[PDB]
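Number of protein chains: 2
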Amino acid sequence: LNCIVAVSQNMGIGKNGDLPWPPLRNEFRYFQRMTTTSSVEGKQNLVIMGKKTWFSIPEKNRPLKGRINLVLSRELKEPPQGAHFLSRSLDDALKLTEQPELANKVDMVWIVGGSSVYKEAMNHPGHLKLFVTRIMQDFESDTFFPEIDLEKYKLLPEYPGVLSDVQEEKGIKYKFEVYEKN
Amino acid sequence: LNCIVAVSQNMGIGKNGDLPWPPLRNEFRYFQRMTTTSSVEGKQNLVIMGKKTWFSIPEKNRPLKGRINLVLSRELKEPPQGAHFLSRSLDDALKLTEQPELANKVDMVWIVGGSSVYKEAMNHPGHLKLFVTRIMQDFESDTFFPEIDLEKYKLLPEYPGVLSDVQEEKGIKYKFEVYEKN
Ligand SMILES: Nc1nc(=O)c2cc(CNc3ccc(C(=O)N[C@@H](CCC(=O)O)C(=O)O)cc3)cnc2[nH]1
Ligand SMILES: Nc1nc(=O)c2cc(CNc3ccc(C(=O)N[C@@H](CCC(=O)O)C(=O)O)cc3)cnc2[nH]1
């Protein structure tokens, strides 16, 4: 279980149901590269996300491509269009990926948001990895990311695929960090 | 929804976790064809059966080849070796069925028993068909097939792919029947 997020200096992850920052095409490309790249031959990654984060993808790249898109919601009676699966819980969704028909087709599981999903997932006993993009500037948010507990999480000073130096796009600097827990 | 069973004259379907009769090679040929045959190319049929059924299949005929095997178990921890999916009630299995990625891989649904399942499936709202092979002889049994509500089910005088003649094998006579409900 991998969590993938981009957060501002203020820990905001959202505003009005959108990234509180203007589009970083490279930041996007990387998110697109991590959640897609599967380690195993012929296996696919599964992304999980709440109702809101699904509606927040530009309608034209829904469902994420080359990925199994699952959506959690206790409300929705059926998978919103383009969605691959639907679960009411993070557990139920974790179970399902445990069905062997499934298990033999999925490699990595990535949690893409929103807030309460990241919350439920961060707590979940088990081996968890947090891929966080530090967007080094404040932005006006309505939704935030939780405190990464240092009792539990450790920052990997290294990570195959991820560059260590500070990035910049449209006068915005950011850096990719990787935390782990067990 | 398709249910497929064989019943002795006394409505028996099992004796000590086995069929009450000796094996009718040509009746197992029928159940096989019917359950394995899909209308669509690149789609497969799904078989749902209780745990006892699962186990009454000769362990080298497990799981049923060319079919997605699904196990109904309230307690079973994880899915028995070789089963494709595990659910806890007909309900989840069916729901499981309407999952978009699932739904495009699966053509027909067949309920292969046991008593408790047949029954739940029989009552269930919708368009249901029972495929009944009437074994024209009494056999001591411990498991009995729910009795068919004539008020709801209706015998179809013919139905494509169903031989109309009384059959006999090993001196035993049987007949193929199909019931429908709306
Ligand atoms: N690093 C990181 N960046 C994000 O932008 C991000 C966004 C979410 C949640 N929201 C979204 C919203 C839209 C798209 C999206 O359009 N993804 C496309 C974009 C790739 C591209 O178009 O260049 C994808 O194909 O992955 C993804 C996540 C979660 N974790 C993230 N994590
Ligand atoms: N018509 C009918 N006949 C049955 O024998 C039957 C059996 C069950 C449950 N039990 C069983 C037990 C064994 C096998 C089985 O070995 N099937 C194999 C091989 C058939 C053959 O040997 O020709 C398969 O490939 O289906 C199937 C169902 C439920 N509905 C039925 N319905």
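Protein chains in written order, with the entry's author numbering: chain A, 4 to 185; chain B, 4 to 185.
We put the CB at the ideal spot given by N, CA and C, even for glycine.
Asked, Found
"Distance cut-off 7 Å: B/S11 Cβ against heavy atoms of ligand 2", "no"
"Short CB-CB distance (under 8 Å) between B/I71 and chain A", "yes"
"Assumed close pair B/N72, B/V50 - CB separation to whole angstroms, cut-off 8 Å", "6 Å"
"Minimum Cβ-Cβ distance from B/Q102 to chain A less than 8 Å", "yes"
"A/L73: CB within 7 Å of a non-hydrogen atom of ligand 1", "no"
"Reduced DSSP secondary structure (H/G/I, E/B, other) of B/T39", "helix"
"A/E62 burial status per 10 Å Cβ neighbour count (16 or more: buried)", "exposed"
"heavy atom of ligand 2 below 7 Å from B/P83 C-beta", "no"
"Contacts around B/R91, its chain only, beta-carbon distance under 8 Å, and the 5 residues preceding and following it disregarded", "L75, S76 and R77"
"Cβ-heavy atom distance, B/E143 to ligand 3, below 7 Å", "Of the ligands this structure carries, namely ligand 1 and ligand 2, none is ligand 3."
"Cα-Cα separation, A/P23 to B/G116", "55 Å"
"B/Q35: CB within 7 Å of a non-hydrogen atom of ligand 1", "no"
"Per-residue DSSP class, three states only, for B/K108", "coil"
"Alpha helix (DSSP H) segments (min. 4 residues) lying fully within the segment 24-77 of chain B", "28-39 and 54-59"
"Interface residues of the segment 85-96 of chain B facing chain A [CB-CB below 8 Å]", "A86, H87, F88 and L89"
"Classification of B/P149 by the beta-carbon crowding that lies within 10 angstroms, buried from 16 upward", "buried"
"Helix, strand or coil at B/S119 according to DSSP, with G and I counted as helix", "helix"
"Supposed contact pair B/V112 and B/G53 - C-beta distance, whole angstroms, cut 8 Å", "Incorrect: roughly 15 Å between the Cβ atoms, too far for contact."
"Contact set for residue 187 of chain A: own chain, Cβ-Cβ below 7 Å, skip 5 residues either direction", "Coverage of chain A is limited to positions 4 through 185, which leaves residue 187 of chain A absent and any answer about it impossible."
"Contacts of A/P82 in chain B (Cβ-Cβ under 8 Å)", "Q102 and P103"
"For A/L131, the nearest candidate out of A/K157, A/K178, A/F147 and A/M139 (CA to CA)", "A/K157"
"Contact the segment 167-185 of chain A vs the segment 134-143 of chain A: 3+ CB pairs below 8 Å", "yes"
"Beta carbon of A/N13 nearer than 8 Å to that of A/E172", "no"
"Beta-carbon proximity of B/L93 to B/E123, cut-off 8 Å", "yes"
"B/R70 classed as buried or exposed, judged by whether at least 16 other C-beta atoms fall within 10 angstroms", "buried"
"Nearest residue (CA-CA) to B/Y162, options B/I175, B/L133 and B/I114", "B/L133"
"C-beta contact flag for A/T39 and A/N48 at 8 Å", "yes"
"Option nearest A/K68 by Cα separation, candidates A/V8, A/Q35 and A/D21", "A/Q35"
"Option nearest A/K155 by Cα separation, candidates A/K184, A/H127, A/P128 and A/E81", "A/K184"
"Cβ-based neighbour list, A/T146, same chain, cut-off 7 Å, excluding 5 preceding and 5 following", "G15, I16, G17, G117 and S118"
"A/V115 CB to nearest heavy atom of ligand 1 below 7 Å", "yes"
"Segment limits, alpha helix (DSSP H) that includes B/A9", "Taken as a continuous stretch (DSSP letters only), B/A9 belongs to no alpha helix (DSSP H), being part of the beta strand (DSSP E) at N5 to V10."
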